[PDB]
$ cat upload_26.cif   # mmCIF, C-alpha atoms and all ligand atoms
data_query
loop_
_atom_site.label_atom_id
_atom_site.label_comp_id
_atom_site.auth_asym_id
_atom_site.auth_seq_id
_atom_site.Cartn_x
_atom_site.Cartn_y
_atom_site.Cartn_z
CA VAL A 15 8.70 52.38 -23.27
CA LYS A 16 11.79 53.65 -21.43
CA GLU A 17 9.84 53.65 -18.15
CA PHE A 18 8.40 50.16 -18.77
CA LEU A 19 11.90 48.84 -19.55
CA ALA A 20 13.41 50.44 -16.42
CA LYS A 21 10.81 48.75 -14.21
CA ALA A 22 11.28 45.54 -16.23
CA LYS A 23 15.03 45.59 -15.48
CA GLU A 24 14.25 46.07 -11.77
CA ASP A 25 12.08 42.93 -11.79
CA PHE A 26 14.64 40.93 -13.77
CA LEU A 27 17.71 41.86 -11.69
CA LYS A 28 16.10 40.75 -8.40
CA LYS A 29 15.40 37.29 -9.87
CA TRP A 30 18.71 37.28 -11.74
CA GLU A 31 20.69 37.89 -8.52
CA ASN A 32 18.69 35.33 -6.48
CA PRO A 33 17.45 32.61 -8.88
CA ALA A 34 14.56 30.27 -8.03
CA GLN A 35 15.78 26.70 -7.51
CA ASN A 36 14.26 23.23 -6.99
CA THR A 37 10.64 24.41 -7.28
CA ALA A 38 9.24 21.00 -8.26
CA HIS A 39 9.90 17.28 -8.69
CA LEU A 40 9.50 14.85 -11.61
CA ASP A 41 6.68 12.76 -10.08
CA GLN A 42 4.47 15.84 -9.71
CA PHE A 43 4.03 15.57 -13.50
CA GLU A 44 2.36 13.14 -15.89
CA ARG A 45 4.50 12.76 -19.02
CA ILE A 46 2.23 12.70 -22.08
CA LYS A 47 4.15 13.17 -25.35
CA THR A 48 7.49 14.27 -26.80
CA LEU A 49 6.96 17.60 -28.59
CA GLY A 50 10.51 17.94 -29.84
CA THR A 51 14.04 16.69 -29.61
CA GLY A 52 17.58 18.06 -29.18
CA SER A 53 21.17 16.82 -29.04
CA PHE A 54 21.32 16.76 -25.21
CA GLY A 55 17.60 16.51 -24.43
CA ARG A 56 13.93 16.66 -25.38
CA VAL A 57 10.75 18.62 -24.64
CA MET A 58 7.64 16.77 -23.47
CA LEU A 59 4.02 17.69 -23.01
CA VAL A 60 3.30 17.05 -19.32
CA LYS A 61 0.38 17.51 -16.94
CA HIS A 62 0.95 19.05 -13.52
CA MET A 63 -1.24 16.70 -11.49
CA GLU A 64 -2.00 19.00 -8.54
CA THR A 65 -3.39 21.72 -10.88
CA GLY A 66 -4.24 19.67 -14.00
CA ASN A 67 -2.28 22.28 -15.98
CA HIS A 68 -0.49 21.20 -19.14
CA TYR A 69 3.13 22.30 -19.51
CA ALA A 70 6.12 21.79 -21.78
CA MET A 71 8.95 20.08 -19.89
CA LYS A 72 12.47 20.38 -21.26
CA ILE A 73 14.48 17.40 -20.03
CA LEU A 74 18.26 17.80 -20.39
CA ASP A 75 20.60 14.84 -19.87
CA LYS A 76 23.39 16.25 -17.65
CA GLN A 77 26.05 13.89 -19.07
CA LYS A 78 25.15 14.84 -22.64
CA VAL A 79 25.13 18.55 -21.71
CA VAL A 80 28.67 18.11 -20.35
CA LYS A 81 29.84 16.19 -23.45
CA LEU A 82 28.62 18.98 -25.78
CA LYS A 83 30.28 21.66 -23.59
CA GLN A 84 26.93 23.28 -22.80
CA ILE A 85 27.19 23.48 -19.00
CA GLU A 86 27.57 27.26 -18.69
CA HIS A 87 25.09 27.73 -21.55
CA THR A 88 22.50 25.57 -19.74
CA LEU A 89 23.05 27.48 -16.49
CA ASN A 90 22.55 30.70 -18.52
CA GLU A 91 19.27 29.41 -19.94
CA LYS A 92 17.72 28.45 -16.61
CA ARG A 93 19.02 31.54 -14.80
CA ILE A 94 17.71 33.88 -17.53
CA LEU A 95 14.41 32.05 -18.13
CA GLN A 96 13.45 32.09 -14.43
CA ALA A 97 14.21 35.85 -14.29
CA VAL A 98 12.42 37.15 -17.40
CA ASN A 99 8.78 38.10 -17.93
CA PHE A 100 7.34 39.11 -21.31
CA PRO A 101 4.21 38.06 -23.23
CA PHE A 102 6.12 36.49 -26.16
CA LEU A 103 8.54 34.36 -24.11
CA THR A 104 7.53 30.92 -22.82
CA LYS A 105 7.22 31.45 -19.06
CA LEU A 106 9.42 29.20 -16.89
CA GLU A 107 7.03 27.81 -14.28
CA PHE A 108 9.27 25.33 -12.48
CA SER A 109 12.80 23.95 -12.58
CA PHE A 110 14.54 21.09 -10.81
CA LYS A 111 17.14 18.37 -11.28
CA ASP A 112 17.57 14.76 -10.24
CA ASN A 113 20.47 12.31 -10.45
CA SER A 114 20.46 12.17 -14.25
CA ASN A 115 18.57 15.15 -15.67
CA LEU A 116 17.84 18.86 -15.55
CA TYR A 117 14.20 19.91 -15.86
CA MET A 118 12.62 23.17 -17.01
CA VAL A 119 8.84 23.35 -16.98
CA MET A 120 7.41 26.08 -19.20
CA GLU A 121 4.08 27.25 -20.56
CA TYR A 122 2.67 24.86 -23.21
CA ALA A 123 2.02 26.48 -26.60
CA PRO A 124 -0.46 24.14 -28.38
CA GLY A 125 -0.22 25.86 -31.80
CA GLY A 126 3.09 24.13 -32.57
CA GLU A 127 6.30 25.45 -34.11
CA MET A 128 6.16 28.27 -36.67
CA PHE A 129 8.53 26.01 -38.63
CA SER A 130 5.72 23.47 -39.15
CA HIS A 131 3.14 25.95 -40.48
CA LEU A 132 5.66 27.95 -42.53
CA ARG A 133 6.87 24.80 -44.32
CA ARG A 134 3.38 23.38 -44.85
CA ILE A 135 1.74 26.62 -46.03
CA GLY A 136 4.90 27.45 -48.04
CA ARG A 137 5.23 31.11 -47.09
CA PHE A 138 3.48 33.83 -45.12
CA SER A 139 1.91 36.96 -46.61
CA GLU A 140 3.72 40.17 -45.63
CA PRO A 141 0.95 41.13 -43.16
CA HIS A 142 1.22 37.62 -41.64
CA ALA A 143 5.04 37.81 -41.45
CA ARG A 144 4.83 41.40 -40.15
CA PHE A 145 2.52 40.27 -37.33
CA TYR A 146 5.09 37.73 -36.08
CA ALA A 147 8.05 40.04 -36.76
CA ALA A 148 6.64 42.80 -34.53
CA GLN A 149 6.44 40.44 -31.54
CA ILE A 150 10.06 39.44 -32.17
CA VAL A 151 11.08 43.11 -32.45
CA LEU A 152 9.49 43.86 -29.08
CA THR A 153 10.92 40.70 -27.49
CA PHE A 154 14.45 41.65 -28.57
CA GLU A 155 13.89 45.20 -27.30
CA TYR A 156 12.96 43.69 -23.93
CA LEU A 157 15.77 41.10 -23.86
CA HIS A 158 18.47 43.52 -25.08
CA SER A 159 17.57 46.14 -22.46
CA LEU A 160 18.27 43.45 -19.85
CA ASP A 161 21.76 43.03 -21.43
CA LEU A 162 20.61 39.67 -22.81
CA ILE A 163 21.58 38.41 -26.25
CA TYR A 164 19.26 35.70 -27.64
CA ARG A 165 21.43 34.07 -30.35
CA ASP A 166 19.08 31.37 -31.68
CA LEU A 167 16.20 32.96 -33.57
CA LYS A 168 14.57 30.59 -36.04
CA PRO A 169 11.07 29.24 -36.90
CA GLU A 170 11.91 26.03 -35.04
CA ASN A 171 12.19 28.07 -31.82
CA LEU A 172 9.00 30.12 -32.31
CA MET A 173 5.96 28.45 -30.74
CA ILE A 174 2.41 29.48 -31.64
CA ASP A 175 -0.01 29.81 -28.70
CA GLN A 176 -3.81 29.27 -28.60
CA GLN A 177 -4.34 32.93 -29.64
CA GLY A 178 -1.94 32.63 -32.63
CA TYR A 179 0.72 34.81 -30.98
CA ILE A 180 4.41 33.86 -30.72
CA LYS A 181 6.23 32.41 -27.73
CA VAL A 182 10.01 32.50 -28.08
CA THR A 183 11.52 29.38 -26.55
CA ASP A 184 14.92 27.68 -26.17
CA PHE A 185 17.33 30.04 -24.41
CA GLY A 186 20.26 27.61 -24.54
CA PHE A 187 22.45 30.24 -26.23
CA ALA A 188 21.00 33.21 -24.33
CA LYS A 189 23.63 35.09 -22.36
CA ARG A 190 23.73 38.17 -20.17
CA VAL A 191 26.67 40.16 -21.56
CA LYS A 192 27.71 43.78 -21.34
CA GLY A 193 30.09 44.22 -24.28
CA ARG A 194 31.43 41.66 -26.74
CA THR A 195 31.08 37.91 -26.61
CA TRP A 196 32.78 35.32 -28.82
CA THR A 197 31.10 31.90 -28.74
CA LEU A 198 30.46 30.30 -32.11
CA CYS A 199 26.81 29.33 -31.68
CA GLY A 200 23.44 29.54 -33.41
CA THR A 201 21.96 27.97 -36.53
CA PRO A 202 23.98 28.27 -39.78
CA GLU A 203 21.29 30.05 -41.86
CA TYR A 204 20.79 32.68 -39.12
CA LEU A 205 24.43 33.47 -38.27
CA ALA A 206 25.54 37.09 -38.65
CA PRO A 207 28.79 37.63 -40.59
CA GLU A 208 30.52 38.66 -37.31
CA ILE A 209 29.93 35.23 -35.82
CA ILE A 210 31.17 33.39 -38.92
CA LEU A 211 34.32 35.58 -39.11
CA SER A 212 35.16 35.03 -35.39
CA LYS A 213 35.08 38.78 -34.74
CA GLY A 214 33.42 38.95 -31.34
CA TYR A 215 29.98 40.46 -31.42
CA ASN A 216 27.02 41.97 -29.59
CA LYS A 217 23.20 42.05 -29.69
CA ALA A 218 23.36 43.24 -33.33
CA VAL A 219 23.53 39.54 -34.33
CA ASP A 220 19.93 39.17 -33.09
CA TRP A 221 18.78 41.95 -35.45
CA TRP A 222 20.56 40.34 -38.38
CA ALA A 223 18.81 37.09 -37.44
CA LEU A 224 15.51 39.00 -37.46
CA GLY A 225 16.29 39.87 -41.10
CA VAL A 226 16.76 36.20 -41.95
CA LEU A 227 13.50 35.24 -40.19
CA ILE A 228 11.44 37.95 -41.90
CA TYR A 229 12.92 36.98 -45.25
CA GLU A 230 12.25 33.27 -44.64
CA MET A 231 8.72 33.92 -43.38
CA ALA A 232 7.91 36.07 -46.43
CA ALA A 233 9.87 34.10 -49.06
CA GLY A 234 9.28 30.55 -47.72
CA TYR A 235 13.02 29.91 -47.84
CA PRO A 236 15.92 31.70 -46.12
CA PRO A 237 18.12 34.30 -47.88
CA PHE A 238 21.20 32.05 -47.60
CA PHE A 239 20.78 28.31 -48.07
CA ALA A 240 22.80 25.41 -49.46
CA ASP A 241 23.26 21.69 -48.81
CA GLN A 242 26.22 22.17 -46.44
CA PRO A 243 26.86 24.85 -43.76
CA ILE A 244 30.18 25.97 -45.36
CA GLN A 245 28.33 26.94 -48.55
CA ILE A 246 25.79 28.82 -46.41
CA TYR A 247 28.51 30.79 -44.58
CA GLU A 248 30.16 31.76 -47.89
CA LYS A 249 26.85 33.30 -49.02
CA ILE A 250 26.33 35.12 -45.71
CA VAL A 251 29.79 36.74 -45.83
CA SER A 252 29.56 37.46 -49.60
CA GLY A 253 27.47 40.61 -49.07
CA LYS A 254 24.68 39.74 -51.51
CA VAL A 255 20.96 39.00 -51.06
CA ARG A 256 18.27 38.49 -53.71
CA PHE A 257 14.62 39.12 -52.88
CA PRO A 258 11.68 37.34 -54.55
CA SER A 259 9.84 39.51 -57.09
CA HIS A 260 6.75 39.45 -54.84
CA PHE A 261 8.63 41.21 -51.99
CA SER A 262 7.32 44.76 -51.57
CA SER A 263 9.54 47.84 -51.92
CA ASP A 264 9.41 48.48 -48.17
CA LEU A 265 10.21 44.87 -47.25
CA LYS A 266 13.26 44.76 -49.52
CA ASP A 267 14.45 47.98 -47.83
CA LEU A 268 13.88 46.75 -44.25
CA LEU A 269 15.79 43.57 -45.15
CA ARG A 270 18.71 45.50 -46.71
CA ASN A 271 19.10 47.42 -43.44
CA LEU A 272 18.67 44.31 -41.25
CA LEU A 273 20.85 42.02 -43.38
CA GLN A 274 23.66 44.58 -43.41
CA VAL A 275 27.22 43.30 -42.87
CA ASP A 276 28.28 46.85 -41.85
CA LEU A 277 27.62 47.23 -38.09
CA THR A 278 27.55 51.04 -38.38
CA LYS A 279 24.62 50.72 -40.80
CA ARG A 280 22.75 47.66 -39.46
CA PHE A 281 19.28 48.56 -38.19
CA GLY A 282 18.91 47.92 -34.46
CA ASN A 283 22.61 48.78 -34.02
CA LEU A 284 22.50 52.56 -34.67
CA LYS A 285 22.23 55.48 -32.22
CA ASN A 286 18.42 55.41 -32.52
CA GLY A 287 18.42 51.66 -31.77
CA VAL A 288 15.27 49.58 -32.27
CA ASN A 289 13.25 52.64 -33.35
CA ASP A 290 14.96 52.51 -36.76
CA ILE A 291 13.08 49.19 -37.05
CA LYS A 292 9.83 50.19 -35.32
CA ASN A 293 9.46 53.44 -37.29
CA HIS A 294 10.27 51.79 -40.65
CA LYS A 295 7.61 52.05 -43.38
CA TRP A 296 7.07 48.28 -43.59
CA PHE A 297 5.91 48.50 -39.95
CA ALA A 298 3.79 51.65 -40.56
CA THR A 299 0.54 49.71 -40.11
CA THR A 300 1.83 48.03 -36.93
CA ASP A 301 0.29 49.16 -33.66
CA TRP A 302 3.12 48.19 -31.29
CA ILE A 303 1.16 48.69 -28.07
CA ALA A 304 -1.72 46.70 -29.58
CA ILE A 305 0.67 43.85 -30.43
CA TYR A 306 2.23 43.86 -26.94
CA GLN A 307 -1.27 43.90 -25.42
CA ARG A 308 -2.38 41.10 -27.82
CA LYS A 309 -5.44 43.10 -28.91
CA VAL A 310 -4.53 42.61 -32.59
CA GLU A 311 -6.33 39.77 -34.39
CA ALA A 312 -3.90 37.00 -35.36
CA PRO A 313 -3.74 36.22 -39.10
CA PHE A 314 -3.70 32.49 -38.29
CA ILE A 315 -5.16 30.87 -35.17
CA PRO A 316 -4.44 27.20 -34.36
CA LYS A 317 -7.04 24.41 -34.26
CA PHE A 318 -8.43 23.89 -30.74
CA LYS A 319 -9.09 20.16 -30.32
CA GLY A 320 -8.76 20.66 -26.54
CA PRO A 321 -6.33 20.89 -23.61
CA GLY A 322 -3.13 18.93 -24.20
CA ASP A 323 -3.94 18.45 -27.88
CA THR A 324 -0.67 17.80 -29.72
CA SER A 325 -1.97 17.66 -33.32
CA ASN A 326 0.09 20.76 -34.27
CA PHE A 327 3.29 18.96 -33.26
CA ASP A 328 5.07 16.18 -35.14
CA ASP A 329 5.44 12.67 -33.72
CA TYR A 330 8.77 11.66 -32.18
CA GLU A 331 9.90 8.24 -30.93
CA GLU A 332 9.09 8.11 -27.22
CA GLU A 333 11.97 7.25 -24.92
CA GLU A 334 12.44 6.35 -21.25
CA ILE A 335 13.09 9.07 -18.70
CA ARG A 336 15.71 7.04 -16.85
CA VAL A 337 16.98 8.35 -13.50
CA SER A 338 20.29 6.85 -12.33
CA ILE A 339 20.66 5.74 -8.69
CA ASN A 340 23.95 7.71 -8.72
CA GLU A 341 24.14 11.51 -9.00
CA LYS A 342 25.81 12.62 -12.23
CA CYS A 343 27.58 15.95 -12.69
CA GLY A 344 26.63 17.30 -9.25
CA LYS A 345 29.37 19.94 -9.11
CA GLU A 346 28.82 21.15 -12.69
CA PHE A 347 25.10 21.87 -12.16
CA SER A 348 25.21 22.85 -8.48
CA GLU A 349 23.53 26.24 -9.01
CA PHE A 350 20.76 24.86 -11.25
CA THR B 5 13.17 28.53 -59.34
CA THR B 6 14.58 29.35 -55.91
CA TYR B 7 11.64 27.69 -54.15
CA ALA B 8 12.35 24.50 -56.16
CA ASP B 9 16.05 24.57 -55.21
CA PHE B 10 15.18 25.01 -51.55
CA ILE B 11 12.66 22.13 -51.50
CA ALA B 12 15.19 19.89 -53.28
CA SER B 13 17.88 20.88 -50.71
CA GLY B 14 18.74 18.83 -47.62
CA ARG B 15 17.85 21.68 -45.26
CA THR B 16 14.07 22.05 -45.39
CA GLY B 17 13.77 19.96 -42.20
CA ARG B 18 14.49 21.20 -38.68
CA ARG B 19 17.92 22.83 -38.49
CA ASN B 20 20.19 21.89 -35.60
CA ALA B 21 22.23 24.53 -33.78
CA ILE B 22 26.00 24.63 -34.34
CA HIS B 23 28.76 24.96 -31.73
CA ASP B 24 32.25 23.45 -32.16
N1 LIG C 1 13.33 23.41 -31.24
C1 LIG C 1 12.22 23.78 -30.32
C2 LIG C 1 11.80 22.60 -29.44
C3 LIG C 1 12.94 22.02 -28.61
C4 LIG C 1 13.89 22.84 -28.01
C5 LIG C 1 14.90 22.28 -27.25
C6 LIG C 1 14.97 20.91 -27.08
CL1 LIG C 1 16.24 20.21 -26.12
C7 LIG C 1 14.02 20.09 -27.68
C8 LIG C 1 13.01 20.65 -28.44
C9 LIG C 1 10.63 23.01 -28.57
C10 LIG C 1 9.36 22.50 -28.81
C11 LIG C 1 8.29 22.88 -28.03
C12 LIG C 1 8.47 23.78 -26.98
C13 LIG C 1 7.32 24.23 -26.18
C14 LIG C 1 7.35 25.07 -25.11
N2 LIG C 1 6.09 25.27 -24.71
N3 LIG C 1 5.21 24.58 -25.49
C15 LIG C 1 5.97 23.96 -26.39
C16 LIG C 1 9.73 24.30 -26.75
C17 LIG C 1 10.80 23.92 -27.53
#
$ encode --input "upload_26.cif" --output "structure tokens" --more "lines below"
Ligand SMILES: NC[C@@H](c1ccc(Cl)cc1)c1ccc(-c2cn[nH]c2)cc1
Amino acid sequence: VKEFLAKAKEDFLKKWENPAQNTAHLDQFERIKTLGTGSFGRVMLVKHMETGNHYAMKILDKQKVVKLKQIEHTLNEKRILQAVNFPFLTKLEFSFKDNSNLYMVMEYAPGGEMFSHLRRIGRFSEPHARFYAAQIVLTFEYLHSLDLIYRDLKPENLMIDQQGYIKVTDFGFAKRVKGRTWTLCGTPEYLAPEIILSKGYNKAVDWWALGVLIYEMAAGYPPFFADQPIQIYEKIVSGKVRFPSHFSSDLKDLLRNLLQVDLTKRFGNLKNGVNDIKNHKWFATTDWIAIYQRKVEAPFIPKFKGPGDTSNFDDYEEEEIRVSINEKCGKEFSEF
Amino acid sequence: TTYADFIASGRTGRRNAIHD
């Protein structure tokens, strides 16, 4: 584990210090369908024509990125995503920019968003939730060792692959930080109390977010919800969580230690680190090496209608990929 | 029930990130 991580950091740092750049071009891809939408961009299913491979292409409108003050955050995403390498992260295959847009081509996960299946099915059994949670635990162990904070864990950002395993995607708020950082970012339901209270925070906020995810996966709703974000933040800072009666003894206990406002007590943030989580009773049945190696049978496996099947994704209004004849925001995105 | 309150809430759809 410690040896694997050391070698992993060696691989990462080389790519981190000399990022790949301009490794493709738009018209090497056939744009097939919009798989999802964001405030400054969208993700499309595309086919790489020279290989016939299907990919997910994140298209970011440079002007919109600038307007939402996400320049540095978008540079973080691309710089981190091109450097990392882990089974449960969507691999960044290519990146490039043109006059109007930034492009990040990643591995296509045809199983769709966890969000979709979690909402439809209602909730996951504890073994089902545990299976996904373990992959997140390992992914955060990997990311955090690289001094990376993830900062946007949620079902919407957890893609299911052909084998039913998780691919963490969307690194817009990912940041390589040693020490505290301060940006107010994330999704309201998943914000740690630190973030809400403007304290300045560290990777512990990812472990709190793990608590929210596990809860939501197992309960079918998150531990803090309301109609408006303000109401949600009040609940998060309150220091109170109720568990459904069907939650096991062990699960309740894992959640109390994950969803812990006290940093000195929050699991993942103690001297023993992520092993407080790994060695917890709720994870007793979990074979961590087996999960990393993907030799564990997935509780749910998506329907294989074929390559580039999008039936596990919702339908979004398709929209032009317009490329201006003038270069926009050249200086801002120079290093992309 | 809590499930009923969630499903009746305006935040069962995809949740956007926050910023500033
Ligand atoms: N919310 C996840 C979604 C997304 C993220 C960011 C933007 Cl700007 C739009 C949409 C998303 C959907 C699908 C994929 C995907 C990656 N590989 N296969 C699917 C990644 C992110």
$ closest_atom_pairs --input "upload_26.cif" --of "chain A" --to "ligand LIG 1 (chain C)" --cutoff "10 Å" --atoms "all atoms listed in the file" --output "CSV"
residue,atom,partner,partner_atom,distance
A:48,CA,C:LIG1,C8,8.6
A:49,CA,C:LIG1,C10,5.5
A:50,CA,C:LIG1,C8,3.9
A:51,CA,C:LIG1,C7,3.9
A:52,CA,C:LIG1,CL1,4.0
A:53,CA,C:LIG1,CL1,6.7
A:54,CA,C:LIG1,CL1,6.2
A:55,CA,C:LIG1,CL1,4.3
A:56,CA,C:LIG1,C7,4.1
A:57,CA,C:LIG1,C7,4.7
A:58,CA,C:LIG1,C11,7.7
A:59,CA,C:LIG1,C15,7.4
A:60,CA,C:LIG1,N3,9.9
A:68,CA,C:LIG1,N3,9.2
A:69,CA,C:LIG1,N2,6.7
A:70,CA,C:LIG1,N2,4.5
A:71,CA,C:LIG1,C14,7.4
A:72,CA,C:LIG1,CL1,6.2
A:73,CA,C:LIG1,CL1,6.9
A:74,CA,C:LIG1,CL1,6.5
A:75,CA,C:LIG1,CL1,9.3
A:103,CA,C:LIG1,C14,9.4
A:104,CA,C:LIG1,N2,6.1
A:105,CA,C:LIG1,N2,8.4
A:106,CA,C:LIG1,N2,9.4
A:118,CA,C:LIG1,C14,9.8
A:119,CA,C:LIG1,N2,8.4
A:120,CA,C:LIG1,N2,5.7
A:121,CA,C:LIG1,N2,5.0
A:122,CA,C:LIG1,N3,3.4
A:123,CA,C:LIG1,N3,3.9
A:124,CA,C:LIG1,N3,6.4
A:125,CA,C:LIG1,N3,8.4
A:126,CA,C:LIG1,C15,6.8
A:127,CA,C:LIG1,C10,6.8
A:128,CA,C:LIG1,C1,9.9
A:129,CA,C:LIG1,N1,9.2
A:166,CA,C:LIG1,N1,9.8
A:168,CA,C:LIG1,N1,8.7
A:169,CA,C:LIG1,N1,8.4
A:170,CA,C:LIG1,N1,4.8
A:171,CA,C:LIG1,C1,4.5
A:172,CA,C:LIG1,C1,7.4
A:173,CA,C:LIG1,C15,6.3
A:174,CA,C:LIG1,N3,8.3
A:175,CA,C:LIG1,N3,8.1
A:181,CA,C:LIG1,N2,7.8
A:182,CA,C:LIG1,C16,8.3
A:183,CA,C:LIG1,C16,5.4
A:184,CA,C:LIG1,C4,5.3
A:185,CA,C:LIG1,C5,8.6
A:186,CA,C:LIG1,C5,8.0
A:324,CA,C:LIG1,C15,9.7
A:327,CA,C:LIG1,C11,8.2
A:328,CA,C:LIG1,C10,9.9
$ write_last_selection --input "upload_26.cif" --atoms "C-alpha atoms" --output "PDB file, in the coordinates of the input"
ATOM      1  CA  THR A  48       7.490  14.270 -26.800  1.00  0.00           C
ATOM      2  CA  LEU A  49       6.960  17.600 -28.590  1.00  0.00           C
ATOM      3  CA  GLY A  50      10.510  17.940 -29.840  1.00  0.00           C
ATOM      4  CA  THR A  51      14.040  16.690 -29.610  1.00  0.00           C
ATOM      5  CA  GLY A  52      17.580  18.060 -29.180  1.00  0.00           C
ATOM      6  CA  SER A  53      21.170  16.820 -29.040  1.00  0.00           C
ATOM      7  CA  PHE A  54      21.320  16.760 -25.210  1.00  0.00           C
ATOM      8  CA  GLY A  55      17.600  16.510 -24.430  1.00  0.00           C
ATOM      9  CA  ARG A  56      13.930  16.660 -25.380  1.00  0.00           C
ATOM     10  CA  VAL A  57      10.750  18.620 -24.640  1.00  0.00           C
ATOM     11  CA  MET A  58       7.640  16.770 -23.470  1.00  0.00           C
ATOM     12  CA  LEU A  59       4.020  17.690 -23.010  1.00  0.00           C
ATOM     13  CA  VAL A  60       3.300  17.050 -19.320  1.00  0.00           C
ATOM     14  CA  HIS A  68      -0.490  21.200 -19.140  1.00  0.00           C
ATOM     15  CA  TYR A  69       3.130  22.300 -19.510  1.00  0.00           C
ATOM     16  CA  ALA A  70       6.120  21.790 -21.780  1.00  0.00           C
ATOM     17  CA  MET A  71       8.950  20.080 -19.890  1.00  0.00           C
ATOM     18  CA  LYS A  72      12.470  20.380 -21.260  1.00  0.00           C
ATOM     19  CA  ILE A  73      14.480  17.400 -20.030  1.00  0.00           C
ATOM     20  CA  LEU A  74      18.260  17.800 -20.390  1.00  0.00           C
ATOM     21  CA  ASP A  75      20.600  14.840 -19.870  1.00  0.00           C
ATOM     22  CA  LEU A 103       8.540  34.360 -24.110  1.00  0.00           C
ATOM     23  CA  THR A 104       7.530  30.920 -22.820  1.00  0.00           C
ATOM     24  CA  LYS A 105       7.220  31.450 -19.060  1.00  0.00           C
ATOM     25  CA  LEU A 106       9.420  29.200 -16.890  1.00  0.00           C
ATOM     26  CA  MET A 118      12.620  23.170 -17.010  1.00  0.00           C
ATOM     27  CA  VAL A 119       8.840  23.350 -16.980  1.00  0.00           C
ATOM     28  CA  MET A 120       7.410  26.080 -19.200  1.00  0.00           C
ATOM     29  CA  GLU A 121       4.080  27.250 -20.560  1.00  0.00           C
ATOM     30  CA  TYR A 122       2.670  24.860 -23.210  1.00  0.00           C
ATOM     31  CA  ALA A 123       2.020  26.480 -26.600  1.00  0.00           C
ATOM     32  CA  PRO A 124      -0.460  24.140 -28.380  1.00  0.00           C
ATOM     33  CA  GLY A 125      -0.220  25.860 -31.800  1.00  0.00           C
ATOM     34  CA  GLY A 126       3.090  24.130 -32.570  1.00  0.00           C
ATOM     35  CA  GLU A 127       6.300  25.450 -34.110  1.00  0.00           C
ATOM     36  CA  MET A 128       6.160  28.270 -36.670  1.00  0.00           C
ATOM     37  CA  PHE A 129       8.530  26.010 -38.630  1.00  0.00           C
ATOM     38  CA  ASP A 166      19.080  31.370 -31.680  1.00  0.00           C
ATOM     39  CA  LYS A 168      14.570  30.590 -36.040  1.00  0.00           C
ATOM     40  CA  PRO A 169      11.070  29.240 -36.900  1.00  0.00           C
ATOM     41  CA  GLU A 170      11.910  26.030 -35.040  1.00  0.00           C
ATOM     42  CA  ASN A 171      12.190  28.070 -31.820  1.00  0.00           C
ATOM     43  CA  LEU A 172       9.000  30.120 -32.310  1.00  0.00           C
ATOM     44  CA  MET A 173       5.960  28.450 -30.740  1.00  0.00           C
ATOM     45  CA  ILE A 174       2.410  29.480 -31.640  1.00  0.00           C
ATOM     46  CA  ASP A 175      -0.010  29.810 -28.700  1.00  0.00           C
ATOM     47  CA  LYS A 181       6.230  32.410 -27.730  1.00  0.00           C
ATOM     48  CA  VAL A 182      10.010  32.500 -28.080  1.00  0.00           C
ATOM     49  CA  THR A 183      11.520  29.380 -26.550  1.00  0.00           C
ATOM     50  CA  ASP A 184      14.920  27.680 -26.170  1.00  0.00           C
ATOM     51  CA  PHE A 185      17.330  30.040 -24.410  1.00  0.00           C
ATOM     52  CA  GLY A 186      20.260  27.610 -24.540  1.00  0.00           C
ATOM     53  CA  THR A 324      -0.670  17.800 -29.720  1.00  0.00           C
ATOM     54  CA  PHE A 327       3.290  18.960 -33.260  1.00  0.00           C
ATOM     55  CA  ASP A 328       5.070  16.180 -35.140  1.00  0.00           C
TER      56      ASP A 328
END
$ residues_around --input "upload_26.cif" --residues "region 283-291 of chain A" --least-positions-apart "4" --cutoff "7 Å" --atoms "all atoms listed in the file" --output "list in words"
residues 155, 218, 277, 278 and 279 of chain A
$ residues_around --input "upload_26.cif" --residues "region 200-203 of chain A" --least-positions-apart "4" --cutoff "9 Å" --atoms "all atoms listed in the file" --output "PDB file with C-alpha atoms, keeping the file's coordinate frame"
ATOM      1  CA  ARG A 165      21.430  34.070 -30.350  1.00  0.00           C
ATOM      2  CA  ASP A 166      19.080  31.370 -31.680  1.00  0.00           C
ATOM      3  CA  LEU A 167      16.200  32.960 -33.570  1.00  0.00           C
ATOM      4  CA  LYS A 168      14.570  30.590 -36.040  1.00  0.00           C
ATOM      5  CA  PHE A 187      22.450  30.240 -26.230  1.00  0.00           C
ATOM      6  CA  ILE A 209      29.930  35.230 -35.820  1.00  0.00           C
ATOM      7  CA  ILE A 210      31.170  33.390 -38.920  1.00  0.00           C
ATOM      8  CA  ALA A 223      18.810  37.090 -37.440  1.00  0.00           C
ATOM      9  CA  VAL A 226      16.760  36.200 -41.950  1.00  0.00           C
ATOM     10  CA  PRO A 236      15.920  31.700 -46.120  1.00  0.00           C
ATOM     11  CA  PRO A 237      18.120  34.300 -47.880  1.00  0.00           C
ATOM     12  CA  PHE A 238      21.200  32.050 -47.600  1.00  0.00           C
ATOM     13  CA  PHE A 239      20.780  28.310 -48.070  1.00  0.00           C
ATOM     14  CA  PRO A 243      26.860  24.850 -43.760  1.00  0.00           C
ATOM     15  CA  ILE A 244      30.180  25.970 -45.360  1.00  0.00           C
ATOM     16  CA  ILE A 246      25.790  28.820 -46.410  1.00  0.00           C
ATOM     17  CA  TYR A 247      28.510  30.790 -44.580  1.00  0.00           C
ATOM     18  CA  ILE A 250      26.330  35.120 -45.710  1.00  0.00           C
TER      19      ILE A 250
ATOM     20  CA  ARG B  19      17.920  22.830 -38.490  1.00  0.00           C
ATOM     21  CA  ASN B  20      20.190  21.890 -35.600  1.00  0.00           C
ATOM     22  CA  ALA B  21      22.230  24.530 -33.780  1.00  0.00           C
ATOM     23  CA  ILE B  22      26.000  24.630 -34.340  1.00  0.00           C
ATOM     24  CA  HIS B  23      28.760  24.960 -31.730  1.00  0.00           C
TER      25      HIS B  23
END
